[PDB]
Trainee: 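One structure follows; several queries about it will come next.
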Amino acid sequence: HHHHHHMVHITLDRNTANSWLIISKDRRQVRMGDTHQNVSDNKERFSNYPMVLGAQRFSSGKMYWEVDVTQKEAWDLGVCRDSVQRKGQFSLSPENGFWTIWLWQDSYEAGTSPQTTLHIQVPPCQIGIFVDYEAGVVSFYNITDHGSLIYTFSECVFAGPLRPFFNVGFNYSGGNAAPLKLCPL
Ligand SMILES: CCC(=O)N1CCC[C@@H](NS(C)(=O)=O)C1
């Protein structure tokens with residue numbers, strides 16, 4: 001792909017984070033803490049899952065960023081509407097305002113309803129995410145495998161401003177403590 005020139009500098013929004021997340025001082029890394037991280041509750045925080053949004057809102061144009069997923073066993077990445085549900089249980093689907101992929105139990109899947117199996121020969125250590133607002137496209141790239149395409153959502157109905165979306169995943173196994181990191185430009 002030749003999307004790298006639409007690179008945007010993403011930072012995480014502490015106020016949206018699940019109360020167990022630890023966001024680095026530079027707002028570029030997030031990991032799940034061992035306990036509640038001593039913050040007040042608010043209506044923005046994801047309650048049920050270890051999720052957080054980027055601070056940036058996109059309503060036009062082309063945007064690209066990269067995320068490091070090294071040594072994680074589970075995670076979700078992509079974009080979502082600014083108006084997505086924060087409290088209770090929900091599925092990641094375009095009907096609920098999410099355009100995402102994930103790793104779970106040694107398989108990669110796109111967050112369609114129902115979910116779509118992905119075909120990845122080289123497990124990625126860094127993921128590129130491209131959004132074309134006007135075209136209604138969200139695409140995912142395998143930076144470890146020379147930028148190969150992972151998945152394209154097309155005919156997207158965003159229906160609002162978009163925010164970068166992250167889920168560090170649970171850590172019941174002891175094998176998923178590693179952070180998500182926003183990679184430098
Ligand atoms: C997402 C935060 C939360 O509700 N919890 C409670 C359930 C298990 C906890 N910890 S764990 C096993 O290390 O993932 C995290």
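Every heavy atom of this structure was used, including side-chain atoms; hydrogens, water molecules and symmetry mates were not. Order of listing sets the numbers, starting from 1, for every ligand and every atom in it. Residue numbers run from 1 in the order of the sequence given.
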Trainee: So with a 6.0 Å cut-off around CZ of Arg31, is the heavy-atom count from everything else above 12?
Mentor: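 Not buried by this count: 12 neighbours or fewer within 6.0 Å.
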
Trainee: Hey, would you say the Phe130 and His1 ring centroids sit under 6.0 Å apart?
Mentor: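 No, ring centres 6.0 Å or more apart.
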
Trainee: Please determine if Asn171 has a nitrogen or oxygen closer than 3.5 Å to a nitrogen or oxygen of ligand 1.
Mentor: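 Yes - when backbone and side-chain N and O of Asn171 are compared with those of ligand 1, one distance drops under 3.5 Å.
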
Trainee: State the atoms of ligand 1, each with its element, that fall below the 4.0 Å cut-off from a heavy-atom position in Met32.
Mentor: 10 (N), 11 (S), 13 (O), 14 (O)

Trainee: What residue and atom, counting heavy atoms only, is the protein's closest point to atom 8 (C) of ligand 1, and at what distance?
Mentor: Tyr172 OH, 3.8 Å

Trainee: Using distance alone, with no hydrogens and no angle criterion, decide if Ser19 and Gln37 have a side-chain donor and acceptor under 3.5 Å apart.
Mentor: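 No, because no side-chain N or O of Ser19 sits under 3.5 Å from a partner of the opposite role on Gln37.
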
Trainee: What protein heavy atom lies closest to atom 4 (O) of ligand 1? Include the residue and the distance to one decimal.
Mentor: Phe170 CE2, 4.3 Å

Trainee: For atom 10 (N) of ligand 1, find the nearest protein heavy atom and state the residue, atom name and distance (0.1 Å precision).
Mentor: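 Going atom by atom, the protein heavy atom closest to atom 10 (N) of ligand 1 ends up being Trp20 CZ3, 3.8 Å.
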
Trainee: A quick test of your reading: do over 12 heavy atoms of other residues, nucleotides or ligands sit less than 6.0 Å from CG of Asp26?
Mentor: yes

Trainee: Count the heavy atoms belonging to other residues, nucleotides or ligands that lie under 6.0 Å from CD of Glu95, then report whether that count exceeds 12.
Mentor: yes

